[PDB]
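**Q** Just to be clear, this is only the beginning of the complex, oriented as in the whole thing:
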Amino acid sequence: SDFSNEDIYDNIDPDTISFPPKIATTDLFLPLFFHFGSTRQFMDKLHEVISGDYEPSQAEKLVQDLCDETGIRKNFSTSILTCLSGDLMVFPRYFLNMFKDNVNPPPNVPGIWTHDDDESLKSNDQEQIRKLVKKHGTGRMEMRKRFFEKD
Amino acid sequence: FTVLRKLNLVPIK
């Protein structure tokens, strides 16, 4: 439907997040990042960049643009992109949950593939696989399968 | 450079 129980992961108000968040450490963000006025100001810039007319190959450009425009260290953006399986849509969801919950990476968030999530996918255990498909869905599941038979 | 070449983006509508 138009509705999704994933909305609660996107719905986070950036005005309730004190800036800079405690989780936003110098080893993940450049000095420019700490000069955004609010969490909303950063979010609005992140949305602006992410919405660029990129082509699937141009991950190297996006990582550079995220570094220059939003002050996210290149290696952290690459780390994020790998865990999102390239889904630029779930990029604003990553930071809102990372900042609200003060955990990096956010553990139980649909679309944010943890290390333990990948270890569960590696095993052919139907119990672990049910828990994964209940977290991310069959769509993200087949996308993650397609992703690692390559990576 | 290695990961980024193989990594495919899912752009916005």
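**A** Received the coordinates, thanks. Residues are numbered from 1 along each chain as shown, chains lettered A, B, ... in the order given.

**Q** Centre-most residue in chain A?
**A** Centroid-nearest residue in chain A: residue A:94, 3.4 Å away (criterion: Cα atoms, centre = their mean).

**Q** I'd guessed that one sits against residue A:112; true?
**A** Yes. Residue A:94 is in contact with residue A:112 according to Cβ atoms under 8 Å; the separation is 5.9 Å. In this view, the C-beta of every residue, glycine as well, is placed from N, C-alpha and C.

**Q** wait, residue A:74 sits on residue A:65?
**A** No. When contacts are counted by Cβ under 8 Å, residue A:74 is not listed as touching residue A:65 (10.5 Å).

**Q** and chain A, which of its residues are near chain B?
**A** A:50-51, A:53-60, A:62-63, A:78, A:81-82, A:85-89, A:150-151 (Cβ under 8 Å from any Cβ of the partner chain).

**Q** try it again with 10 Å
**A** A:47, A:50-64, A:74, A:77-79, A:81-82, A:84-91, A:143, A:146-147, A:150-151 (Cβ under 10 Å from any Cβ of the partner chain).

**Q** quick one: contacts for the closest residue to residue A:47 other than its chain neighbours?
**A** Nearest residue to residue A:47 in three dimensions, chain neighbours excluded: residue A:92, at 6.0 Å (Cβ to Cβ, 6 or more residues apart in numbering or on different chains). Contact analysis of residue A:92 by Cβ atoms under 10 Å, 6 or more residues apart in numbering or on different chains lists A:10, A:12, A:14, A:43, A:44, A:46, A:47, A:50.

**Q** For the first one, grab phi and psi.
**A** Listed backbone geometry of residue A:10 is phi -100, psi -30, with angles given as degrees, to the nearest 10.

**Q** and chain C on top of that:
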Amino acid sequence: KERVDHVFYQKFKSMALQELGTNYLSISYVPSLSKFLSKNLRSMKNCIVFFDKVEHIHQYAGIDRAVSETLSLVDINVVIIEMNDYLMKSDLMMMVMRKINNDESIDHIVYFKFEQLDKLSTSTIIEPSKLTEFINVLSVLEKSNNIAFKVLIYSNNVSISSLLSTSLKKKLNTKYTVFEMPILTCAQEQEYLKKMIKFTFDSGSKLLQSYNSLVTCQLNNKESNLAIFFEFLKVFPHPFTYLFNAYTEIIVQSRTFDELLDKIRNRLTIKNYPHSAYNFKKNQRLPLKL
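**A** That brings us to chain C, laid onto the chains above:
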């Protein structure tokens, strides 16, 4: 007391970061700039400004913010055209005219920004056809009193600065201005680096005057960590940005006011905060005010 709480520091940190950016971007040694930009940009008069001797990141970043802040109070349609990727190697006329909407505003300001800060690429990369087209577009806007052009050339390069300089002078009636950035002595540069880390916000704070004093006498003691850092800045290529970056990290890393002062006293070093850790991108710009 008040220098052992986290919520007090949370406020201070945000305020410090705010003032640090402001100071960095204020080009305090050229006070004329704001009146200059207001007089030249908030007029229906056409103008060509050559920002010559823009050798530092803070100069470009600072000028650019001042231009954005000036143009942000205009009300009549302001069209911004980024002339960099066009000039390098009547499609332009129509591209400008598409953004000219006589219904939303009668008068218009067309701001053309050309940025050639790299002195290494001295040989003219720009193609004469794209230059003579750009100069023709100007000759039209110059002849139509309804639309005013504002051409801001940011240059460090003079093989390109001289080429536009002569071409514009010849074909157009609009006389160009050269806003030359002053070259500071190591002495003066040092004075303005010290000024950048002096915070004036919340004047009635016992803690803030405690901070400013620490900075002053630390810099008056040549054996201190801060004075030694400033000594390195005398030879490092981007002193304002390096200091800005390191100081940002120190501020943001500290959890308490006491921890901030401890870092300023004992942790701020070339070894602890190396310049390798930062990107000194010459066309870099800081986030907006609000």
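
**Q** Is the residue nearest to the centre of chain A located within a helix, as I assumed?
**A** Yes. Under DSSP: H, G, I helix; E, B strand; the rest coil, residue A:94 sits within a helix.

**Q** can you pull the contacts of it?
**A** A:9, A:46, A:80, A:81, A:83, A:84, A:104, A:105, A:106, A:109, A:111, A:112.

**Q** Which segments of chain A make up each domain?
**A** In the domain annotation for chain A, the residue ranges read A:1-103, A:104-151 (curated CATH domains).

**Q** looking at those, which is buried most?
**A** Stretch with highest mean neighbour count among those: domain A:1-103 (a mean of 17; mean count of other Cβ atoms under 10 Å in any protein chain shown).

**Q** ok now that domain, how far from the chain's centre?
**A** Centroid separation between domain A:1-103 and its chain, computed with Cα atoms, centre = their mean, to the nearest Å, is 7 Å.

**Q** Could you work out the most separated pair of the contacts of residue A:94?
**A** A:9 and A:81 (17.9 Å; Cβ to Cβ).

**Q** and the spatially most central residue of chain B, which of the three is it?
**A** Geometric centre of chain B, nearest residue: residue B:8, 2.9 Å, by Cα atoms, centre = their mean. When classified by three-state DSSP, residue B:8 comes out as coil.

**Q** where does it fall, phi/psi-wise?
**A** Torsion angles, degrees, to the nearest 10, at residue B:8: phi -110, psi 130.

**Q** Run through the neighbouring helices and strands of the strand or helix carrying residue C:136.
**A** Assigned by DSSP states H and E, residue C:136 falls within helix C:128-143. Contacts defined by 3 or more Cβ pairs under 10 Å, 6 or more residues apart in numbering or on different chains; DSSP states H and E place helix C:128-143 against helix C:84-87, helix C:91-98, strand C:108-116, strand C:147-155, helix C:161-171.
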